[PDB]
Each structure stands twice: as structure tokens, then as C-alpha cells.
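The structure under discussion appears below in the form of C-alpha cells.
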Amino acid sequence: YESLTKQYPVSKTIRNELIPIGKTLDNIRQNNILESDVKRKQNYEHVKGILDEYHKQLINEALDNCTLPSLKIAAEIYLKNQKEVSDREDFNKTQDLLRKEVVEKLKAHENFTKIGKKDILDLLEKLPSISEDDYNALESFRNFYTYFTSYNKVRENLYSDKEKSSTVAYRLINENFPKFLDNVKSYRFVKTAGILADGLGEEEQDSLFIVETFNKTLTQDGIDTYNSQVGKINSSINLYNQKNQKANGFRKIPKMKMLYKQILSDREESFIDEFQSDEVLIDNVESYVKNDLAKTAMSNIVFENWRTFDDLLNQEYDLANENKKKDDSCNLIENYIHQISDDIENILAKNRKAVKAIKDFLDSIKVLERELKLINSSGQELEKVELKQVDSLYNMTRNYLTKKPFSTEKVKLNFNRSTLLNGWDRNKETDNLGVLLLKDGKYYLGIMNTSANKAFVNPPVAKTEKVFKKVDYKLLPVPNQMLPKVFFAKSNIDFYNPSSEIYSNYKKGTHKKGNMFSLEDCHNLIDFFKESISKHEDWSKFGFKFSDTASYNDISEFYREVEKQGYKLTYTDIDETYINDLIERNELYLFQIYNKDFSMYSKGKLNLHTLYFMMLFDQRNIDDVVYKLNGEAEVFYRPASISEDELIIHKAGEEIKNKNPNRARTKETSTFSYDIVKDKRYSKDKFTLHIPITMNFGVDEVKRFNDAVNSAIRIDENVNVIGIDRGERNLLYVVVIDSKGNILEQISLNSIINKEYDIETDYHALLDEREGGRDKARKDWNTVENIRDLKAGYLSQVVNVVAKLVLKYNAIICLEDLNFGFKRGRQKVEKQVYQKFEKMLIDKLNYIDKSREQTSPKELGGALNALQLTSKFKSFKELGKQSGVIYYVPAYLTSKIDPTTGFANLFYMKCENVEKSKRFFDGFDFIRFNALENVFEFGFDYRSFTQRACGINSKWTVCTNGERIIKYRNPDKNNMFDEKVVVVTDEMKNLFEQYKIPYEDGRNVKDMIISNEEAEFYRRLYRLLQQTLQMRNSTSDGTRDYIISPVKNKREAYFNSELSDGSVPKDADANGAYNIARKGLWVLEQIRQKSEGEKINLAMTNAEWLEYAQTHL
RNA sequence: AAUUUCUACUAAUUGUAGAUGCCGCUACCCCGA
DNA sequence: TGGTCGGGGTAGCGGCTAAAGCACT
DNA sequence: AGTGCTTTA
């Protein structure tokens, strides 16, 4: 499995730590960044609600009020069967948004705001603010490096693929017209809204047949006009919705109309305009006739009852009168809350009034909205008026904590250079302000001061032999763009004439995508590029070796060859004393980096991320196709969190005890030094970096899952398979196997152990009893352990275990499916944390690394070339397919039950009627009894059962022997139950003695039982019949294992889990893991059966699975 | 009870063993004061 | 069941982005 | 005769 190595350009962002070195307090202000007092954020009442609010004008004065409304502009049946046979993929385009130029009509108006042109947001005041304590008019701050592609322009594509299901400006026309073709295929006499709308009497629209400018719902008036009034009238009326019949209540949750949820620009942008008095203004100042009704209590300020008159009317018949469920008219029991919305006869009429009296008044109308319940004004009036137009902006007034990660109004400050760190190339040394440097071992970092940026352009040669080595590099970005950018600029055209024919060819674009042309002229263009780069000196410093003239790289291949060669790092000696001589002038912000790892006596193994950063500048290695520093690397300061006083800590003499068993025993004193210990990471200030990384830079191929597995598929080196399962006693018991089902491991991941350190961790009961502690402590207050953080850490540790197993035994991972599977079901892990375990196991299997103090990195797990075992995942919808080396198989009717009979659920369902029970018995061949082993054995054949193709060969004779510890129900003493049957046999000898039947003849005693008729007799016979087959034991507290299949496995084995043999699963969930492994080997055989890049589906049928499980020997 | 970040660690020790894309685009969900 | 406020996550939704003209004071 | 840069490409 030596393929799959650096076969996908993965990328990461190392998050390292900074500490200064030298003086490192350069500036007179002592900030060293000058992001130390922004002051733009405290008392933000002047500025709040300006930019994002005037986005409302920016959208309103640009969108097209009168679009091309006609759905019939396509002029097409679509698909009603009244058309020609030849579709020719045109009808699906008619379903699709085949129009193009409505965006062109949208963008007709540039639409700058009343307050200011873009220049007010682009002119550099070079200040954090201009506003004042009294008021502000055109407040702004400096530009901060390309807001355009990032913050505000994302809102300006509404008919596009923005990947959010609310900007519904074209999915409405995409969906409603197919729905109307359905509504004319069938007719609307099944829906309730056609006539429940006692008035309008329509499902959605005033007249459903006609088209309409549905974007009226998108604007300020919102979906209230579309929905809210008929929502209000929807109540206990229409008793046939509450009294079933052929229609008008065809389902319990119909709600037959909906326009899809409010657009991104809605729930947003309350009312305010450019005025010379400022307000925080979270509330509707224009007009709050809105009422988000929530109709339970009226006059709750001055009534104090959650239901107004229901509280007054009665208190006994609220529960004394029987509920509606068993005793089914809704209009007499629930119509109270529908007639409760008695409308207020009048229209607190108030606006933002008293702010001018003193400088500080904040929230008048917000307090009015808070204290007053919704105004009960904008009702319904039995017909769907523009009532409740301003719920859409009260929806800004509420939930304002939810929507605001980043607009352009709140970007953070940094060094006095917007482009900080955008590129650390040779030529851009002067402007990008960044410089890399390092001594031996300690990795330094330099940032030039703004005053003397050009001071570093002249490094004098070495004088003293105290080096302070400095690193620089050189590259060539985006060669699709730089190559046409250079040699076609008007300046370089003057400095070097190109041929007019080639310029004409490129301007018309003969050589671009989608054309047949003279390949010799394409070669002429390529030569023009090559020789005009030969003209250069800065570009010519690169060792560029492009292709040959016999057949040159295509233009995409040309840019690939340009990009992959274009990166070279080097270094030059610098006098340390000279750095000391210059830093006095406050001209260079120096830094250096370390963490837990960089310390020689700290011999312990490295963190994985300090290995990458350390090996990045491994100057002895070229790092040609290995990690390359790239892109912006913005820094981040945080302040100190917790004080030393709050750090409660013992002084010298802290011989405290160990929490762990087997180390609280051996070393209870906890021998230690007296550098007394505590988490210090929050005890001080901090500086942090982000270094983007393109691990496996320059790799020339992105591939797929079949590509990411088929190399293993031809020649195996992987045949083993990991099983995974969960259960009660073991949380996540795992089982690996071999090709032919030989179990090779039985380790419970409840227990893990540091083998190299070779001291037992006793992880069992540090897992199960600790999560039990969380279970019994989380009910009343938020425990220290989050509800899933311990599971996250445990699964994180398990990733190392499974990765080591994969690399040791060659085994491939075969986690259970959760799509072809049916239920959600009772589970040991509640919210499908197993799903994010799949995600984590993919995410790490993108790349184990040793991460030790010294390395010889030329290895598969040597941190140079990490094996990319699985390609990246896209979606859980994409899951259910083989994610590289993480296959999936279903898990249903086999997670608990061995397949030897498998009828844990009885082959028939439970019997109630006496004659049906008799018929159910009559399929049996013989019910018998032998007093030797006391076995009251039975007999039956497969063919006489429902679903007579599900199983295969149910001719086995279910026996009855051995004890069972089954979970009785004997609720006499408040849900008591007998913990066991004494033995499964002999509990019905008394039942036979009730009739005194000759049960020792060897006859089919059934012949008498059909003649016997007693309800309790057959009820108890049912209980013992289901219980003798209950082959999994309900393990007690202080668990005991008994996997006891009544059918013999040819040797009276019963797969008895009390035994010690390895092939026998030790526990029930271990047997389930074994079953998942046996499905895993089958799906691997299914894959091997194929012989092309095409692969059959991963799924299984229950019949086929039961067939193979029967034929597992 | 030590970190750069998270779980758990004491683990010969101002540390141990294993894991992680930071800013960022706005959305859904699912049950609930 | 449209009835209102969540409430915290879930999943598919920018990244893994760096030189050169060019209009510049 | 020009440094900031938003532009491109």
C-alpha cells in the first residue's frame, strides 16, 4: 500500500505561538503593533445600524420591480404526456433557470447610497474614526485590503448558487410551475386550503391559474401577506380536518401552502436614514403596527394569566372533563383561542422623542416593545391586505444576536499597512513588510517598522562571526494571469514590442478554450512567452525549464509547469551585532517561536504541528515537493484571562494523591520536585501566528475514490478488515479479522494501555464509569465534562489505535453504514456521535507521524510524505459510497443476534386469537419432551412461515436447555421481576400437570393441546416459547455473558460466551462486531468481483445477508 | 495538578502520550425557557 | 397546526490566495 | 518625476 502517497494537494494552517526576543518593545508608545487602543467599538451608539441598514437602499434601488413575469416565456408543456417523444434534454432545462439576462437587468443601476459614495468608504482618513462624542454624519475608518470579494459583495447575487436555502428568487419559479402541472394533472379537491379558505377559497393565490410578481413577498412587506392571515384563520374550524374522511384532512400535518423562508436581506434592516441625530435604534421607529401574535395571554401586563379568560372561567373541568384524544368536535374545545383574538377597537402611539433632552437616552421604543405585548392591531379580517408588513423588521429587532459574523462595518485594525504579509517574495520585500530570520535552533521572526521599510534592502557583508541568519524566497503566482499580465501591459509593450498578429490573435482569442487553429501559431505564442521571459532578469533568476518545441504544453499545462517550478528559498548571512545596532533605532519588530517541544531536556515526543513548522525551514533539505510557506499570515493577540490570585495552588509540600487506580497504590505520595505546578497558559499575555501550508505542493493530480482504492484492489496488501460495534458493557468494542473470518484480536477499546511506557492506564472504568458520572451529574448542572467532549477525546485517541492497527495488520476500516440502515433506535451514544467519528477518521486518514525529538524523515510516516489513505469527503449524501478505504455495510437484524437461527424476533408475530395461535402451532412438526436432559424440544420447517424467501433453511429443531437470566416482568412489588428462571426446562411440568397430560410418550402432544383451550395457558406457553429462544442473556448488574443459541452448532457448543476460546466472541457486542466484520469481507469480495473503474452499489439485501450469514461456514 | 489548542495526564518531571483550518459567506435543523 | 422566543448544534454553504501594472500624489 | 492600490488577468 505504498501508493496513495501525496496524491492530493491537501492544505492546512499551523497555529503556532510567539514570544519576543531582544528588546522587542521598540516603539515610543511601546505597542509594537499600534493595535492597542482602537476606541471605535466602545460606545458604538453613534455608528450602529448604518452600513448594514443602508444595504436595504442598496438592494431596493437596484432590483427589478417589474421583471419578465411570464412562466410561459419558455412556451413548453414541460411534461404532461401531451407532447412528442423526443425530449432531447430541453424539458429539464425548462425546469432549470434557462434565462440569463435578468441579472443584467438587475445591475442596470449602480445605486450608491444617500449618505455617501464608495469614496467615503475608500478615502483613507488613516484614522480609526472621525466621529465625535456629540454626533456623527459620515463616520468611517480606513480601508482594510479588499472588502470587495469578502464582506459585502456576497449579498449581491440573488439568482445564483449562493449555497443557502433562503435566497429563493428563482427556486420559487423552479418549483411552483411543476407543482401547478401536478395540480392540473390531478386537481386540488384533496387539499384543505381550497375551501377551508372560507373566503378567498384558494390554496395559495387569489387566482391560482395566473402568474404574479412573487417578489412582493421578498420586500419589506414580507411573507406575511402570503401566509400569515390564512395562518391566523387556520384553527378548530373545518371540523372535517379534525374528523377524518376521504379528503379535507387527508393527513394530520397538511398545511397546504408555503412560500419559502425570508431572504438574506430580510430579518434585517430596520428603519433609519441620514440624519444629524444619532440613535442605537434596535427598534422600529417608523411604524410598529405589527403583531407577532403568540396568542396565549391578552393584557398580560395587567392580567398576569397565561390564558386570559380560560383561567377565569373554570378550574375543575380543565382535566376532570376528558381530553379530546380518546373522546373525539374541535370547534367546542379549541375554538376559544381562535375567538380570543378579539381585535382592539383602536389602532401607545410613541416615537423616539426625548433623546434631545440629554446626551444619553437609549431605548425608549425598544422598552415600549418589550413591555407591551404585540399590538393585536394588524389582525386577519377573514381575508389575506398588507397587514403585519413590519414583522420582517421586528425580526431584526429580535434575534439580533444571531445574525452578524462579519459585514464590512466592523473590520479589525492591525499594523499600519493593509497588505501586511500578503507575500514574502524578493521583489516585494520592500512593501509587504515581512521578513523571515532564524539562528540555530531558535526560530526568529521579523516585521519591519513603518518608518524605514527600505532599511533592509542593503545587507552589508559579514564582519563579525555571530550570524543572525535571514531567509528570503521567490515565486511566480497564478501563471494563467501573470503571463498575460506581463508582456501585454502598455508599459512593457513600449519596452518590448510584440508582434501585432499575436496581439490580435489573443485579443480575439484564437488559442483560448474551444477552438481549432494553427498549432504552430500556438507554439509561436509559447515561444514569445519563453523568449520574453528570457528578456527578464528578475524572472530569469528562476531556473525555469519549461517544455519543448516539438509539442509544447497546452496553456493549462503551461501554467502548471510555470507554477510548480516557480518557488525558491535561500538565505544570506547577517551580522547579529548589526541587528543589535539597528534595533536601538526602533526599526525592526523581532520575534521568536516556541511551544512545549523546543527544549533539549524536554525529550518527550513532539506535537504533530510543531514538527511541520520546524521542518518547514529545514534548510539542509530543499523541501522541493514538501511544505511551502504561502499566502497571508495575519497575527492575533489575546489578553490575559485569569489572575494569579484566582489560580488556587498549593505551596511547596504538595504530595497530593493520584486519581488513577494502580498509581494511587504504587506512588500515593506522588514524588515530585517543588517547582509547583499549574496551568500557566492563561497566566500571561500571548501572540499567535497562522502559517498557511500547501502540504504536497506542486503535485499535479487530483483524483477520486475509485482511484484512491483500486491500487489496493488489484494487489491486496490490505486483505484484513476492522470491525466496529457499540453496546452496553463495552462502549465501542472492535474486532479485526482475516480473510476467512479468523478473529485476530478481541481488544475492547474500553481498555487502552501505554505499551511502550508499559504501565497500565486502566482505561476501562476511566471511560465507562466516568461517562456514567457525567450521566448522573449533568442532569442538574453543567458538569466539567461536556456532554460530548469526553467522547470526542476518546474517539481522538481511538484514531491512533485504528491507524496503528491499519499500518500493522494492513487491515482496512469497515465502519457500519447509517444510510441503508433503517432506525435511529436506542443507542449507547445518543446523538449519532458515531457519525462525527466517521468524519474524524476520514480527516486524519488524509495523512501517523512519529513526532519525536530527532527524526530521519525519509519514511512513509516520516512527516515528509504522509500517506494519503483516503481522499477528501464532500457530504453525508456523498457518504454511503466507499470513501477511499472506509467502506460501509448495513447493520440491522444482526447487531445483537447470531445468525445461526436469527429469529430473535419470532418468525411469526405475537399470537392473540386462540384459533390463530392454534394455526401458528400447526406449522410445527412435533412438540416433544425427554426427561433425560429435561428438554421440551420442538420442531418446525421454513416453508410454513410468512416471508418464505427471507430465510433459507429453517429446519433446525429449537431445543430448550440451560439456565437463563432473562428480564422477567413480575410487578407485584412495584416493578419487581424474578432475575432468572431456575432452568428453562421444568417450568411447564406444572403447566402440564394442570391438565395431567401424558407428556412422556414421545408423541406429538400438540394433538392434545389443540383440544385444550385456556387463555392463561397459551399466554404462559407464549412466554416460555419466546423466552427459550431468547438466546442473548439480559446480563445483570455485575455483568455476566451467556450467548446461548438453542440450536446446537453440531457439538452442543451454543456459542456459549462463558467459554474462553478466541473464535467465540467474548461478549454480545463483540459478536456484533464480528458480524460487521463478516459483512465487511463480503463487501470486499463484491468490490473484487468487479473488473473496471465502475463499481456496483455497496448495499445489501436482507435476504442475501441472511443467506450469506447462514452460509458462513 | 504543567500546553498553543482539547480530552484525559504526574508520565523522572518548569513536563508527559494522542489528536485539531484561525478570520472567515451567510443558512438550516431539531426539539425546547 | 401557520399559533411566538429559542438554542444550542447539525449539514452543504469563501478559503488553505501572491506578484505586476497602473493610475498615483 | 513620483507609492500606495486597487485594479486586473
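Naming scheme: A, B, ... for chains in displayed order of the C-alpha cells; residues 1 onward per chain; ligands 1 onward as shown.
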
* Excluding same-chain residues fewer than 4 positions from residue 6 of chain D, what lies within 10 Å of it counting only C-alpha atoms (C1' of nucleotides), as a PyMOL selection string? -> (chain A and resi 145-146) or (chain C and resi 22-23)

Report as a PDB file with N, CA, C and O atoms (P, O5', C5', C4', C3', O3' and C1' of nucleotides), in the first residue's frame the set of chain B residues whose atoms approach chain A to within 6 Å, with distances computed over only C-alpha atoms (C1' of nucleotides).
ATOM      1  P     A B   2      -3.297  21.884  35.386  1.00  0.00           P
ATOM      2  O5'   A B   2      -1.837  22.417  35.035  1.00  0.00           O
ATOM      3  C5'   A B   2      -1.218  22.098  33.791  1.00  0.00           C
ATOM      4  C4'   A B   2       0.094  22.824  33.616  1.00  0.00           C
ATOM      5  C3'   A B   2       0.630  22.864  32.189  1.00  0.00           C
ATOM      6  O3'   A B   2       1.327  24.091  31.983  1.00  0.00           O
ATOM      7  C1'   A B   2       2.201  21.804  33.585  1.00  0.00           C
ATOM      8  P     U B   4       2.866  25.881  24.913  1.00  0.00           P
ATOM      9  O5'   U B   4       2.445  26.505  23.510  1.00  0.00           O
ATOM     10  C5'   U B   4       2.136  27.890  23.386  1.00  0.00           C
ATOM     11  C4'   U B   4       0.674  28.117  23.090  1.00  0.00           C
ATOM     12  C3'   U B   4      -0.274  27.381  24.033  1.00  0.00           C
ATOM     13  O3'   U B   4      -1.414  28.179  24.425  1.00  0.00           O
ATOM     14  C1'   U B   4      -0.635  26.655  21.795  1.00  0.00           C
ATOM     15  P     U B   7     -10.167  20.446  27.976  1.00  0.00           P
ATOM     16  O5'   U B   7     -10.241  18.858  27.962  1.00  0.00           O
ATOM     17  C5'   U B   7     -11.474  18.203  27.727  1.00  0.00           C
ATOM     18  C4'   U B   7     -11.277  16.752  27.374  1.00  0.00           C
ATOM     19  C3'   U B   7     -10.505  15.911  28.373  1.00  0.00           C
ATOM     20  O3'   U B   7     -11.283  15.526  29.492  1.00  0.00           O
ATOM     21  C1'   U B   7      -9.749  15.439  26.187  1.00  0.00           C
ATOM     22  P     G B  18       2.481   9.828  20.978  1.00  0.00           P
ATOM     23  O5'   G B  18       0.915  10.109  20.954  1.00  0.00           O
ATOM     24  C5'   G B  18      -0.007   9.064  20.683  1.00  0.00           C
ATOM     25  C4'   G B  18      -1.381   9.606  20.383  1.00  0.00           C
ATOM     26  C3'   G B  18      -1.439  10.767  19.406  1.00  0.00           C
ATOM     27  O3'   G B  18      -1.390  10.348  18.055  1.00  0.00           O
ATOM     28  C1'   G B  18      -2.771  11.257  21.291  1.00  0.00           C
ATOM     29  P     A B  19      -1.646  11.412  16.882  1.00  0.00           P
ATOM     30  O5'   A B  19      -3.227  11.523  16.796  1.00  0.00           O
ATOM     31  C5'   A B  19      -3.829  12.409  15.870  1.00  0.00           C
ATOM     32  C4'   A B  19      -5.036  13.082  16.456  1.00  0.00           C
ATOM     33  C3'   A B  19      -5.264  14.513  16.002  1.00  0.00           C
ATOM     34  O3'   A B  19      -5.955  14.582  14.769  1.00  0.00           O
ATOM     35  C1'   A B  19      -5.391  14.405  18.355  1.00  0.00           C
ATOM     36  P     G B  21      -6.233  19.979  10.784  1.00  0.00           P
ATOM     37  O5'   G B  21      -5.917  21.538  10.751  1.00  0.00           O
ATOM     38  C5'   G B  21      -6.411  22.357   9.698  1.00  0.00           C
ATOM     39  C4'   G B  21      -6.668  23.768  10.161  1.00  0.00           C
ATOM     40  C3'   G B  21      -7.834  23.927  11.133  1.00  0.00           C
ATOM     41  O3'   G B  21      -7.546  24.961  12.069  1.00  0.00           O
ATOM     42  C1'   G B  21      -8.251  25.196   9.175  1.00  0.00           C
ATOM     43  P     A B  27     -28.590  34.909   7.178  1.00  0.00           P
ATOM     44  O5'   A B  27     -28.753  33.580   6.318  1.00  0.00           O
ATOM     45  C5'   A B  27     -29.674  32.566   6.693  1.00  0.00           C
ATOM     46  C4'   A B  27     -29.391  31.286   5.947  1.00  0.00           C
ATOM     47  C3'   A B  27     -30.374  30.146   6.161  1.00  0.00           C
ATOM     48  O3'   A B  27     -31.542  30.280   5.370  1.00  0.00           O
ATOM     49  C1'   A B  27     -28.162  29.329   6.339  1.00  0.00           C
TER      50        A B  27
END

* Asked: Would you give me, as a PyMOL selection string, the residues in segment 679-898 of chain A that DSSP reads as strand (DSSP E or B)?
  -> chain A and resi 686-688+691-693+721-724+734-737+743+754+759+812-813+816+867+879+881+886+889

Please produce a file of the residues just selected, as an mmCIF file, in the first residue's frame, where the atoms kept are N, CA, C and O atoms.
data_model
loop_
_atom_site.group_PDB
_atom_site.id
_atom_site.type_symbol
_atom_site.label_atom_id
_atom_site.label_comp_id
_atom_site.auth_asym_id
_atom_site.auth_seq_id
_atom_site.Cartn_x
_atom_site.Cartn_y
_atom_site.Cartn_z
ATOM 1 N N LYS A 686 -0.038 36.963 25.205
ATOM 2 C CA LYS A 686 0.159 35.938 24.192
ATOM 3 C C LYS A 686 0.163 36.584 22.814
ATOM 4 O O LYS A 686 -0.469 37.621 22.591
ATOM 5 N N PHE A 687 0.888 35.952 21.893
ATOM 6 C CA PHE A 687 0.904 36.324 20.485
ATOM 7 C C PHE A 687 0.913 35.042 19.664
ATOM 8 O O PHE A 687 1.605 34.084 20.018
ATOM 9 N N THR A 688 0.137 35.024 18.578
ATOM 10 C CA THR A 688 -0.129 33.805 17.820
ATOM 11 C C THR A 688 -0.023 34.068 16.327
ATOM 12 O O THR A 688 -0.355 35.161 15.861
ATOM 13 N N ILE A 691 0.295 30.136 9.830
ATOM 14 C CA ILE A 691 1.105 29.902 8.636
ATOM 15 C C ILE A 691 0.289 29.007 7.703
ATOM 16 O O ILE A 691 0.141 27.811 8.000
ATOM 17 N N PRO A 692 -0.247 29.517 6.591
ATOM 18 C CA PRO A 692 -0.870 28.605 5.631
ATOM 19 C C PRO A 692 0.164 27.669 5.041
ATOM 20 O O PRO A 692 1.337 28.011 4.886
ATOM 21 N N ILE A 693 -0.287 26.458 4.733
ATOM 22 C CA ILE A 693 0.581 25.401 4.242
ATOM 23 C C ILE A 693 -0.139 24.705 3.104
ATOM 24 O O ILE A 693 -1.336 24.419 3.187
ATOM 25 N N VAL A 721 -9.637 -6.733 7.735
ATOM 26 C CA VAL A 721 -10.729 -5.776 7.886
ATOM 27 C C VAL A 721 -10.944 -5.503 9.363
ATOM 28 O O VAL A 721 -10.908 -6.425 10.183
ATOM 29 N N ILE A 722 -11.189 -4.242 9.696
ATOM 30 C CA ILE A 722 -11.567 -3.847 11.047
ATOM 31 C C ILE A 722 -13.080 -3.922 11.154
ATOM 32 O O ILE A 722 -13.801 -3.505 10.241
ATOM 33 N N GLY A 723 -13.557 -4.474 12.266
ATOM 34 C CA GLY A 723 -14.949 -4.387 12.643
ATOM 35 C C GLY A 723 -15.143 -3.311 13.691
ATOM 36 O O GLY A 723 -14.234 -2.995 14.452
ATOM 37 N N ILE A 724 -16.342 -2.730 13.705
ATOM 38 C CA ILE A 724 -16.706 -1.715 14.685
ATOM 39 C C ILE A 724 -18.127 -1.998 15.146
ATOM 40 O O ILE A 724 -18.987 -2.402 14.359
ATOM 41 N N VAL A 734 -14.328 -3.388 19.339
ATOM 42 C CA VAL A 734 -13.877 -3.549 17.966
ATOM 43 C C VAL A 734 -13.343 -4.959 17.791
ATOM 44 O O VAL A 734 -12.913 -5.616 18.741
ATOM 45 N N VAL A 735 -13.380 -5.437 16.551
ATOM 46 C CA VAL A 735 -12.894 -6.768 16.207
ATOM 47 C C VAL A 735 -12.323 -6.711 14.801
ATOM 48 O O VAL A 735 -13.047 -6.432 13.842
ATOM 49 N N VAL A 736 -11.032 -6.981 14.681
ATOM 50 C CA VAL A 736 -10.402 -7.196 13.389
ATOM 51 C C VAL A 736 -10.503 -8.681 13.068
ATOM 52 O O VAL A 736 -10.637 -9.517 13.963
ATOM 53 N N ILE A 737 -10.461 -9.020 11.780
ATOM 54 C CA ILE A 737 -10.472 -10.404 11.327
ATOM 55 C C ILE A 737 -9.489 -10.552 10.172
ATOM 56 O O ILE A 737 -8.868 -9.584 9.725
ATOM 57 N N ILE A 743 -10.803 -14.617 13.666
ATOM 58 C CA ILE A 743 -10.606 -13.448 14.511
ATOM 59 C C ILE A 743 -9.149 -13.388 14.941
ATOM 60 O O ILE A 743 -8.557 -14.398 15.346
ATOM 61 N N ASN A 754 -0.667 1.993 27.681
ATOM 62 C CA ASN A 754 0.581 2.540 27.145
ATOM 63 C C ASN A 754 1.605 1.414 27.121
ATOM 64 O O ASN A 754 2.329 1.175 28.087
ATOM 65 N N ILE A 759 3.060 0.773 31.461
ATOM 66 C CA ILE A 759 2.353 0.893 32.730
ATOM 67 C C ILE A 759 0.872 0.986 32.407
ATOM 68 O O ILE A 759 0.469 1.786 31.553
ATOM 69 N N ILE A 812 -8.183 -2.807 6.659
ATOM 70 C CA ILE A 812 -8.909 -1.646 6.152
ATOM 71 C C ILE A 812 -10.187 -1.476 6.955
ATOM 72 O O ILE A 812 -10.796 -2.445 7.417
ATOM 73 N N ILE A 813 -10.603 -0.240 7.108
ATOM 74 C CA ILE A 813 -11.674 0.111 8.028
ATOM 75 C C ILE A 813 -13.012 -0.143 7.357
ATOM 76 O O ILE A 813 -13.195 0.157 6.171
ATOM 77 N N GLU A 816 -19.825 0.645 10.281
ATOM 78 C CA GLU A 816 -21.195 0.337 9.886
ATOM 79 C C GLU A 816 -21.796 1.456 9.047
ATOM 80 O O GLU A 816 -21.484 2.634 9.236
ATOM 81 N N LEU A 867 1.268 9.315 3.967
ATOM 82 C CA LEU A 867 0.377 8.530 3.124
ATOM 83 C C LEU A 867 -1.041 9.088 3.198
ATOM 84 O O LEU A 867 -1.610 9.222 4.284
ATOM 85 N N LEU A 879 -21.647 10.301 1.283
ATOM 86 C CA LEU A 879 -21.395 9.070 2.016
ATOM 87 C C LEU A 879 -22.460 8.036 1.656
ATOM 88 O O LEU A 879 -23.449 8.323 0.976
ATOM 89 N N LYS A 881 -21.149 5.740 -0.122
ATOM 90 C CA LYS A 881 -20.226 5.213 -1.108
ATOM 91 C C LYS A 881 -18.904 4.933 -0.411
ATOM 92 O O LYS A 881 -18.645 5.425 0.690
ATOM 93 N N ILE A 886 -12.738 3.539 3.581
ATOM 94 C CA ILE A 886 -13.733 3.445 4.652
ATOM 95 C C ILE A 886 -15.023 2.969 3.994
ATOM 96 O O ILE A 886 -15.851 3.764 3.542
ATOM 97 N N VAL A 889 -21.456 -1.013 5.276
ATOM 98 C CA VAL A 889 -22.416 -2.103 5.093
ATOM 99 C C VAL A 889 -23.570 -1.895 6.070
ATOM 100 O O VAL A 889 -23.363 -1.283 7.126
#

* Tell me the residues of chain C close to chain A, meaning within 7 Å using only C-alpha atoms (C1' of nucleotides), as a VMD selection string. => chain C and resid 1 to 4 12 to 13 16 to 19 21

If you count only C-alpha atoms (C1' of nucleotides), which residues fall within 12 Å of residue 25 of chain C, apart from same-chain ones fewer than 2 positions away, as a PDB file with C-alpha atoms (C1' of nucleotides), in the first residue's frame?
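As a result, selection_12.pdb now contains:
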ATOM      1  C1'  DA C  23      -3.297  55.368 -12.065  1.00  0.00           C
TER       2       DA C  23
ATOM      3  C1'  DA D   1       9.238  62.548 -11.539  1.00  0.00           C
ATOM      4  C1'  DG D   2       6.508  60.232  -8.032  1.00  0.00           C
ATOM      5  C1'  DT D   3       3.530  54.861  -3.606  1.00  0.00           C
ATOM      6  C1'  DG D   4       0.146  53.182  -2.400  1.00  0.00           C
TER       7       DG D   4
END

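Our summary of the geometry notes that atom CA of residue 825 of chain A is positioned 27.4 Å from atom CA of residue 1112 of chain A.
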
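Across the model, the gap from atom CA of residue 943 of chain A to atom CA of residue 929 of chain A is 24.1 Å.
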
Neighbouring residues of residue 71 of chain A were defined as those with any atom within 8 Å, considering only C-alpha atoms (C1' of nucleotides); residues of the same chain fewer than 4 positions away were excluded. Please report them as a PDB file with C-alpha atoms, in the first residue's frame.
ATOM      1  CA  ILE A 173     -40.435  29.631 -10.240  1.00  0.00           C
ATOM      2  CA  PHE A 177     -44.819  25.598 -12.009  1.00  0.00           C
ATOM      3  CA  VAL A 211     -48.770  34.287 -12.657  1.00  0.00           C
TER       4      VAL A 211
END

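Atom pair atom CA of residue 536 of chain A / atom CA of residue 509 of chain A has a distance of 25.1 Å (rounded to one decimal).
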
* Asked: Counting only C-alpha atoms (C1' of nucleotides), what is within 12 Å of residue 63 of chain A, bar same-chain residues fewer than 6 positions away, as a VMD selection string?
  -> chain A and resid 56 to 57 102 to 111 156 to 159 169 215 to 216 218 to 219

* So which bits of segment 44-100 of chain A end up helix (DSSP H, G or I) when you DSSP the backbone, as a PyMOL selection string? -> chain A and resi 51-60+71-73+91-95
